[PDB]
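Q: Protein chains in written order, with the authors' numbering: chain I, 1 to 204; chain H, 1 to 222; chain Q, 1 to 125; chain a, 1 to 233; chain Y, 1 to 212; chain Z, 1 to 222; chain N, 1 to 196; chain J, 1 to 195; chain X, 1 to 195. Idealized CB from N, CA, C, for every residue including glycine. Take this structure first; my questions come after.
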Amino acid sequence: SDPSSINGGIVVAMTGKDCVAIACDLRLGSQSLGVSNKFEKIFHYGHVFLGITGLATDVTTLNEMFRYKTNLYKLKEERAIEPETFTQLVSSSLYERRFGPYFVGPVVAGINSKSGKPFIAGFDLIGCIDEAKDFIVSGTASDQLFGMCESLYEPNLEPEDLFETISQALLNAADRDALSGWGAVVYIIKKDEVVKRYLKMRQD
Amino acid sequence: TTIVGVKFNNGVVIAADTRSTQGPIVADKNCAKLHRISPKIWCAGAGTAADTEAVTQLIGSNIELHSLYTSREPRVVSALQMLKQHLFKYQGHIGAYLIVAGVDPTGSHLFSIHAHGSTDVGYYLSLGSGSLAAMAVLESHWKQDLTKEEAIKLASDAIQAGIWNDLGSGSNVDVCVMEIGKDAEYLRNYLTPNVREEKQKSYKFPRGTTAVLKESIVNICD
Amino acid sequence: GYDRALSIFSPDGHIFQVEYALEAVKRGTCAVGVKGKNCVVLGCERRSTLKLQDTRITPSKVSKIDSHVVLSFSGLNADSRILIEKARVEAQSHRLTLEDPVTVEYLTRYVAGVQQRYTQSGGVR
Amino acid sequence: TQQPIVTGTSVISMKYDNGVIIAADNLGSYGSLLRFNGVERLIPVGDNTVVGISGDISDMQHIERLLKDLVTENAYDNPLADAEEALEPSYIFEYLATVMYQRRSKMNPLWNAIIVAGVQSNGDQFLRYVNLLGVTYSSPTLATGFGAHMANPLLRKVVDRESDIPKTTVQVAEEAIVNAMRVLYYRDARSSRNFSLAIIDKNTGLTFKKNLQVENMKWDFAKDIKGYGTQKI
Amino acid sequence: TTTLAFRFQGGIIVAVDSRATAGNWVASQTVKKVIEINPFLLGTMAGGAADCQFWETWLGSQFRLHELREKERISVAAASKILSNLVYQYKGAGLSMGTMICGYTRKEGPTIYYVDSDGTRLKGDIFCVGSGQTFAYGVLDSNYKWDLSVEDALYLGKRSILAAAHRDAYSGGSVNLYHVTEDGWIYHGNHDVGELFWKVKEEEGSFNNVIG
Amino acid sequence: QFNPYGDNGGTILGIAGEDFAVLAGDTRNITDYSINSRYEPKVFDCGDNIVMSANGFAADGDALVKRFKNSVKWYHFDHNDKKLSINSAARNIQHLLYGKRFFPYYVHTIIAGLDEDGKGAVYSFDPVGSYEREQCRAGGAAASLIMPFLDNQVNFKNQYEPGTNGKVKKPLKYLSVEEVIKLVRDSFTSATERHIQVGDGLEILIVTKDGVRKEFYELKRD
Amino acid sequence: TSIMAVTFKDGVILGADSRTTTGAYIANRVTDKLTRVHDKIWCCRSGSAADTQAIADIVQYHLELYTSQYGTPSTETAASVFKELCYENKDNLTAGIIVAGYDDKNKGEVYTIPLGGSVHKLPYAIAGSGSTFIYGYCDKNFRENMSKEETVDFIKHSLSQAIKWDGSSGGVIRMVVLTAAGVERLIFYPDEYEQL
Amino acid sequence: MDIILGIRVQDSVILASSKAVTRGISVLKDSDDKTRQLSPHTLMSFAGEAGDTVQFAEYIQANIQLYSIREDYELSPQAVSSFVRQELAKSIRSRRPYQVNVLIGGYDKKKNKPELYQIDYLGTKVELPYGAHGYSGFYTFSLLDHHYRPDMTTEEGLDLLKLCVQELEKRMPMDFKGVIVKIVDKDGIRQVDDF
Amino acid sequence: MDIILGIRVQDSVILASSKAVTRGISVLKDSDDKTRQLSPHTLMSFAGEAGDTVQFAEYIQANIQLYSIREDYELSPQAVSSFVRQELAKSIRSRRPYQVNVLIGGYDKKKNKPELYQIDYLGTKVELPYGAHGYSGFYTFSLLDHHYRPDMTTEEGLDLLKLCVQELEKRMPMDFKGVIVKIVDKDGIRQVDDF
Ligand SMILES: *[C@@](C)(CO)[C@](*)(O)[C@H](CC(C)C)NC(=O)[C@H](Cc1ccccc1)NC(=O)[C@H](CC(C)C)NC(=O)[C@H](CCc1ccccc1)NC(=O)CN1CCOCC1
Ligand SMILES: *[C@@](C)(CO)[C@](*)(O)[C@H](CC(C)C)NC(=O)[C@H](Cc1ccccc1)NC(=O)[C@H](CC(C)C)NC(=O)[C@H](CCc1ccccc1)NC(=O)CN1CCOCC1
Ligand SMILES: *[C@@](C)(CO)[C@](*)(O)[C@H](CC(C)C)NC(=O)[C@H](Cc1ccccc1)NC(=O)[C@H](CC(C)C)NC(=O)[C@H](CCc1ccccc1)NC(=O)CN1CCOCC1
Ligand SMILES: [Cl-]
Ligand SMILES: [Mg+2]
Ligand SMILES: [Mg+2]
Ligand SMILES: [Mg+2]
């Protein structure tokens with residue numbers, strides 16, 4: 001009965017030379033029982049990408065909530081929301097439920113369309129912002145991801161090279177966690193193109 | 001965390017480390033614990049990270065509206081009063097431990113606030129997990145009639161004591177100087193005595209190392 | 001506890017107490033064992049200086065240790081009961097742990113081991 | 001299973017070029033009550049070792065008796081009891097460390113934290129820690145209780161690593177210890193002003209200083225402090 | 001863990017995974033969960049790793065002493081009962097063991113005994129033991145017949161572990177196969193799930209729930 | 001109520017090569033948020049070319065190492081100075097640990113050396129005695145950070161041959177002593193960055209047919 | 001804490017130590033536990049720092065509003081406001097407060113308010129953890145209609161002992177004198193009071 | 001309440017639900033239908049806490065039937081499932097949450113495709129080829145991993161379902177008194193009377 | 001372990017005992033014989049805590065078999081039951097008691113009468129015409145109150161026993177996988193293979 005580790009899952013994000021990458025596993029389970037191998041944890045609103053780990057009902061609820069809010073934003077502002085602004089919106093929304101929180105570990109990723117600067121950010125369940133130059137990690141194998149990222153990462157990686165680094169970070173971390181794995185997805189994000197790749201990983 | 005505040009001749013200085021923990025894991029190696037309530041009233045925060053950020057922003061917002069309403073520059077005691085009454089109402093459940101400091105038309109000020117809503121006055125103060133390491137330095141080296149350069153040195157030394165000796169604190173030293181009659185200067189990463197050494201090996205993989213099942217272009221446009 | 005070493009070596013390399021125990025066997029009523037092609041037969045002597053006996057209730061010379069093994073003896077009658085009792089207990093203990101009745105070799109080896117233990121234990125003959 | 005009744009607070013210590021220094025206040029607290037004021041918590045063993053003890057005082061007195069008895073036992077059938085076969089600091093520590101771990105393993109601990117400071121026969125400085133759990137460690141500076149949180153930071157500014165030991169004189173080292181004792185008086189609610197200090201040098205030997213007091217305190221700034229925020233008087 | 005063993009026309013099949021966990025931390029993917037007690041006896045291990053590994057190793061020493069004393073290999077029944085009587089003495093003390101004693105003798109023939117740490121001892125034809133026992137049962141039962149060939153029986157055992165390795169979060173790594181005949185046990189290799197899953201998916205056409 | 005266990009932190013790492021084996025471990029010792037020692041070694045030469053470390057509760061760790069060192073001594077006395085093989089040492093350690101099954105040594109134990117064919121060997125133990133020979137193992141506070149990195153770099157897990165459509169795996173090969181030390185140093189600097197209980201110093205013990213060499217490297221002290 | 005208030009010939013004097021603790025750590029060694037709710041009505045605070053501050057702030061607000069409408073409030077009135085807060089919120093408060101003030105008609109007065117929220121008017125009052133150690137001393141040494149110098153010595157000697165024995169008390173001894181002459185602040189440092 | 005299963009095949013969705021209702025040491029009923037028709041081409045099975053199950057199922061049924069009348073239109077299985085998930089997602093943070101797990105099997109007439117949704121009491125939705133709630137999954141998932149193919153017929157699906165029930169009857173501790181099977185396809189909902 | 005029954009009739013004692021052995025959510029075995037022969041004309045069935053049951057049953061079996069060899073004589077069912085009761089009566093005040101309930105069905109050759117004894121884990125002995133342990137009794141006792149007669153035959157007793165098993169299969173929550181039935185009479189102990 002620990003909400004954050006019933007369903008299981010992980011998300012990781014990285015920066016590169018004029019690009020960003022965000023990746024997640026596909027498992028959804030009920031403790032030991034693996035239930036679904038198609039449960040994606042990364043969503044996007046315009047060019048801003050959001051990954052969410054934790055209790056699956058809240059992952060779904062929050063996705064629907066931020067779609068709701070970003071749609072109203074676009075109608076009133078007459079432009080797409082930017083990563084820096086969206087980050088603030090997530091923080092606001094989570095802290096609104098301070099004493100009855102969504103059991104989640106969200107991760108923002110995207111490129112600012114005006115400045116062109118790569119941007120990533122993470123949060124705790126009550127909305128504390130964690131900004132970073134290098135990488136952000138989240139989920140039941142966060143310890144593993146911290147270890148992989150801290151050793152494998154280097155700055156200013158090209159999109160093709162950055163893909164290999166983030167993919168190897170996710171895969172090897174997931175294989176040391178019982179509640180993570182069962183497939184994986186990686187998003188490579190350039191200024192005006194986005195490639196999505198499904199990884200081959202061990203299915204146990 | 002480790003955070004400190006030190007009064008001097010013509011104002012006040014505050015400082016903080018830049019470590020953010022998550023159990024035994026370092027989540028952020030360079031997070032900003034110095035917060036701006038108003039242009040010349042700044043706040044150092046320890047405890048629950050979301051709470052120190054949220055409470056400082058809320059009071060900062062209300063202080064701005066108050067300043068516009070009264071056509072006056074805001075006072076430190078106003079920020080102090082608003083913070084303590086907010087925290088007291090929540091009976092400690094909002095885990096914010098703050099060092100509030102600044103200059104206003106009354107003069108220069110230095111206070112501390114605890115989660116349950118108690119406030120303390122002093123010439124030198126320290127809060128957080130590394131407060132004992134910091135306070136030891138302050139108690140040993142503090143004197144009356146400090147200069148600007150002496151107060152910065154004392155404050156950053158107190159933070160260093162926390163960085164090295166407390167496992168809850170680390171990385172860099174942030175500083176903010178608030179002098180009377182001058183603009184407040186925020187010195188982000190004033191010291192960086194924890195630079196990561198060159199790695200022994202590059203872990204850049206040969207292109208094609210990762211096995212792939214599917215590719216597809218994602219549509220971000222309308 | 002009574003500790004005395006009763007069974008001990010003599011200058012000529014003999015343990016007299018063990019050898020005197022053999023004399024007690026030599027005094028006892030005769031017993032014979034003959035094994036055929038598909039059977040074994042145990043014969044036993046009963047001395048006829050005892051008339052007015054009640055043969056219904058008098059302890060029999062041949063004893064069942066289990067349903068498939070028997071034991072006859074020569075020597076002190078009171079001593080034989082102690083060996084038979086220990087053997088019958090070990091027989092049930094073997095069935096309980098190994099889930100199989102004792103072999104005749106095993107049961108013999110156990111009884112022989114008990115007899116040996118009394119030749120180099122203090123306080124016993 | 002125990003609970004400590006009469007207790008002693010911080011013990012602090014460090015190494016310097018020719019030897020080691022150790023100190024501890026003379027208080028025996030009974031909870032919040034500062035019950036006993038004449039309590040000596042530094043106990044010398046021979047002329048080359050000093051054992052500083054914090055925690056339960058009844059258990060401290062038991063350990064005193066054990067050390068006293070150890071000296072007696074070593075002298076038995078030993079012509080070199082005051083020479084080559086005299087008790088070393090390393091011998092005294094290992095004995096205590098053995099006892100502490102045996103007692104924790106029987107779920108009946110000696111509720112203490114102990115620091116054995118001294119000088120070996122070959123001149124080497126000895127300084128090592130042990131507590132109720134049987135945990136042991138060594139470091140250029142060592143301290144117990146509040147001392148661990150407040151004294152160590154100050155003492156490590158003088159001797160931060162091994163190479164700083166030859167560079168540190170006895171004058172500089174004692175000054176740092178006395179300063180640390182003042183800071184503990186400011187900030188530890190179960191500490192007293194009166195304390196004892198011991199120096200073990202490889203040249204000048206054992207110097208035991210009793211009835212010291214914390215002095216040169218800063219309290220004058222208190223008069224300027226008024227209210228807790230908005231009071232002006 | 002997931003472990004199984006079943007009796008059939010051509011002897012006994014025994015199959016196990018190789019994962020070891022400490023909570024959700026995957027501690028090892030290369031654990032040997034089958035003990036080779038002697039050329040005719042095998043023992044499977046599920047539950048506490050130390051408990052199983054220590055006592056089944058101790059078990060092999062007792063059986064060695066039996067054949068020295070009795071000039072005869074120990075029976076599967078007697079072997080399993082030594083273990084069950086041992087753990088019964090420790091009942092309530094907190095041992096965690098789910099074991100299967102599998103082997104062949106002349107008097108008994110191929111025999112399997114289930115023995116667990118609360119003292120249960122059961123003779124039987126089919127058993128699955130461990131956190132993923134139910135997953136293995138599902139595949140094994142629905143495909144089991146007595147008249148399976150040695151080739152088909154080996155595969156069914158391998159496939160049943162794979163099924164559990166997939167679904168059970170606390171099972172995986174690789175499959176270890178064994179075949180027990182009148183002549184003794186025969187090792188049938190270590191099979192990594194990393195390669196085995198995809199090989200089985202492609203060739204068998206199963207696992208349609210997974211993204212191919 | 002009295003609690004007989006404690007956590008002294010730290011982390012250890014063992015890697016095996018073709019004709020050598022290394023056993024590394026940081027030199028930091030802690031309780032809660034305090035540093036006890038910046039240099040307190042916990043990797044030990046136990047004789048017969050066997051190095052050992054028992055990380056976790058230091059009192060139980062020291063007791064175990066002390067008993068095994070003693071076990072080696074009595075092995076020589078009772079068996080005509082015979083060299084204790086690494087496989088025999090491991091089995092002996094199992095019995096030491098399981099001997100206290102119902103009041104355990106709270107430690108993760110790792111030993112390293114050469115097997116009887118001269119090839120490098122690393123064994124690892126849980127607190128109650130279950131053991132396993134491996135090419136690779138990390139133990140202690142930062143084991144969860146370091147271990148997956150080792151899977152990737154030592155055993156080449158999840159790495160395929162470029163251009164082979166993820167069909168051919170990267171072939172396994174032994175690493176040179178130079179390459180292994182690079183991986184150890186990078187593992188510990190990474191763990192120091194992200195785990196608070198890891199830092200101060202790194203001590204590596206290398207084991208070849210020639211004997212037991214040592215190497216020491218500084219780590220970040222925050 | 002150690003706190004006390006003593007009436008005398010010319011008015012009343014409040015006294016207190018300066019120690020604030022979190023467990024055994026002294027969070028503030030120079031605390032000011034004597035606080036103003038009105039010109040010549042002050043209080044001594046013991047118990048929770050947060051609670052006593054919150055209460056004192058509300059009382060000051062009430063008495064300021066009282067003064068605007070009805071002029072200077074009596075010391076009894078101030079004590080009644082303290083009581084009303086402490087009694088009605090007894091379940092959520094940890095505050096032991098001593099109210100002291102100077103009227104011209106009523107001269108010096110002291111009201112003590114323990115945990116329950118009860119009110120007790122007394123010639124002198126002691127409170128806080130360190131007060132337990134000086135009940136004997138204060139009872140034997142208190143006299144009515146003392147002089148200013150005598151009352152200062154009585155408070156100094158009393159709090160000196162309370163500090164000496166109580167670990168939860170220490171630092172400087174603050175005092176506040178309330179008479180017709182006005183308001184006077186006094187401070188006394190360890191080097192003086194310890195060797196009394 | 002205990003066993004509920006669901007299998008999506010080429011042209012239909014098949015739901016199986018146990019008939020037993022037990023309370024204490026007594027089986028009070030052995031012919032219970034643990035399902036409600038939400039719309040002509042959408043069926044929901046349920047299992048969980050006593051009382052909560054039927055109360056929740058009928059409450060959903062009423063709401064979907066209200067929608068059908070208002071718009072003179074049938075909601076898609078995807079739309080219905082999303083409505084159900086939200087109601088459970090609200091529920092979990094209520095004073096007293098609904099402790100009900102559901103399977104929603106429906107046929108989308110616009111896409112001409114069968115759809116199966118599995119939703120737990122927390123509001124955790126997933127679309128699946130085959131699904132189960134409770135301890136049933138621990139046997140049926142691994143079985144279906146092996147035997148299931150995506151292009152199977154309704155008859156092949158029923159045989160696949162028989163294979164599950166047989167396994168459950170063999171290895172489950174409790175007697176669940178068989179199952180009621182229902183099929184959802186292009187022609188609506190119908191019950192298999194002989195299973 | 002769960003269901004054990006016993007019925008004494010005119011000339012015999014009939015014991016019925018469930019075949020299922022369950023642990024967790026898995027039926028590990030469906031052909032278990034929960035009985036041991038103590039002597040040629042005495043049979044004991046058992047049910048309770050895992051491990052304890054068989055360990056206790058065999059321990060009694062060994063002791064009775066030892067007595068038989070020593071005296072070359074069979075103990076009466078009354079004598080055996082009293083020995084069993086005393087062993088359980090000791091057990092209950094031990095460090096770790098046997099949690100086993102037993103039924104002892106025997107034929108006394110001296111009296112030419114069948115006898116049925118019911119003993120619980122506390123050491124509570126009663127001689128009965130019909131008996132049961134566990135939740136079984138809550139159905140079977142009232143049933144036998146109605147249908148039982150003292151002068152019934154063995155065949156009439158088996159029909160009476162079928163009537164009990166049917167009721168249990170209908171109203172019990174758990175699947176106990178049928179029963180093994182054994183008869184004790186003047187000619188000894190024999191098993192009914194088709195039930
Ligand atoms: C020093 C470094 C330590 O005291 C400082 O005081 C800093 C203050 C800075 C950050 C302003 N304190 C922390 O870094 C603080 C320590 C802490 C931890 C837990 C409770 C109180 C204080 N850390 C945090 O606040 C982190 C911020 C992260 C890195 C973004 N947050 C957490 O650790 C949250 C705690 C959330 C919380 C909930 C309810 C009451 C209080 C706090 N913990 C998690 O997110 C852990 N877990 C993740 C998986 O989802 C379930 C929660
Ligand atoms: C499947 C894989 C899971 O059920 C199997 O059942 C396997 C059986 C194989 C290994 C023979 N079981 C386990 O992997 C078993 C699960 C388990 C764990 C703990 C108690 C009961 C069952 N895992 C273990 O035994 C692990 C194996 C180690 C990690 C290689 N051991 C531990 O968890 C140990 C010992 C636990 C223990 C038992 C009894 C008394 C005292 C302790 N504990 C730790 O290592 C503690 N912890 C690990 C994480 O790091 C911090 C310390
Ligand atoms: C003497 C010292 C005792 O009577 C005085 O009465 C003073 C009165 C002055 C300061 C007005 N009292 C205190 O100093 C007071 C003692 C106390 C402690 C706990 C409850 C009631 C009274 N100290 C405090 O109020 C401190 C002040 C802070 C350090 C600025 N606050 C705490 O100790 C908080 C209070 C939380 C609380 C608990 C119960 C009721 C109300 C508030 N306590 C903690 O933070 C607990 N702490 C967590 C870290 O681990 C150690 C325990
Ligand atoms: Cl205060
Ligand atoms: Mg995994
Ligand atoms: Mg798995
Ligand atoms: Mg004091």
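Can you tell me whether I/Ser180 sits near ligand 5, meaning its C-beta is under 8 Å from at least one heavy atom of the ligand?
A: For this step, residue 180 of chain I is matched to residue 180 along the first sequence. Checking every heavy atom of ligand 5 against the Cβ of I/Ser180, one is found closer than 8 Å.
Q: Can a CB atom of chain J be found closer than 9 Å to the CB of I/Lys41?
A: What you label residue 41 of chain I is simply residue 41 of the first sequence in a count that begins at 1. By this cut-off, I/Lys41 is not an interface position.
Q: Between Y/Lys33 and chain Q, is the shortest Cβ-Cβ distance under 9 Å, so that the two count as touching?
A: Indexing the fifth sequence from 1 puts residue 33 of chain Y at position 33. By this cut-off, Y/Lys33 is not an interface position.
Q: Please determine whether the Cβ atom of J/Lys125 lies at a distance below 8 Å from any heavy atom of ligand 2.
A: Taking the eighth sequence and counting its residues from 1, the one referred to as residue 125 of chain J is at position 125. No - ligand 2 has no heavy atom lying nearer than 8 Å to the Cβ of J/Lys125.
Q: Using 9 Å as the threshold, is the C-beta distance between Z/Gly47 and Z/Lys66 below it?
A: By one-based count along the sixth sequence, residue 47 of chain Z stands at place 47. By one-based count along the sixth sequence, residue 66 of chain Z stands at place 66. Not in contact: Z/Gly47 and Z/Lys66 (Cβ atoms no closer than 9 Å).
Q: Mark a/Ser13 as exposed unless 16 or more other C-beta atoms lie within 10 angstroms of its C-beta, in which case mark it buried.
A: Stepping through the fourth sequence from its first residue, residue 13 of chain a is reached at position 13. Buried: at least 16 other Cβ atoms inside 10 Å.
Q: Name the DSSP bridge partner or partners of X/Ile14?
A: Mapped onto the ninth sequence, residue 14 of chain X falls at position 14. Partner(s): X/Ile7 and X/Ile183.
Q: Output, in sequence order along the chain, the residues in the stretch 77 to 96 of chain X whose CB is closer than 8 Å to any CB in chain Y.
A: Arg96
Q: For H/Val12 versus H/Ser20, is the C-beta spacing smaller than 9 Å?
A: Locating residue 12 of chain H in the second sequence gives position 12, counting from the first residue. Locating residue 20 of chain H in the second sequence gives position 20, counting from the first residue. Result no, Cβ atoms of H/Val12 and H/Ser20 do not sit closer than 9 Å.
Q: Identify, in the order they occur along the chain, each residue of the same chain with its Cβ nearer than 6 Å to the Cβ of X/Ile4, setting aside the five sequence neighbours on each side.
A: To locate residue 4 of chain X, count along the ninth sequence from 1; it is residue 4. Once the five neighbours on either side are set aside, the close Cβ partners of X/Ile4 are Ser17, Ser45, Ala47, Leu103 and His133.
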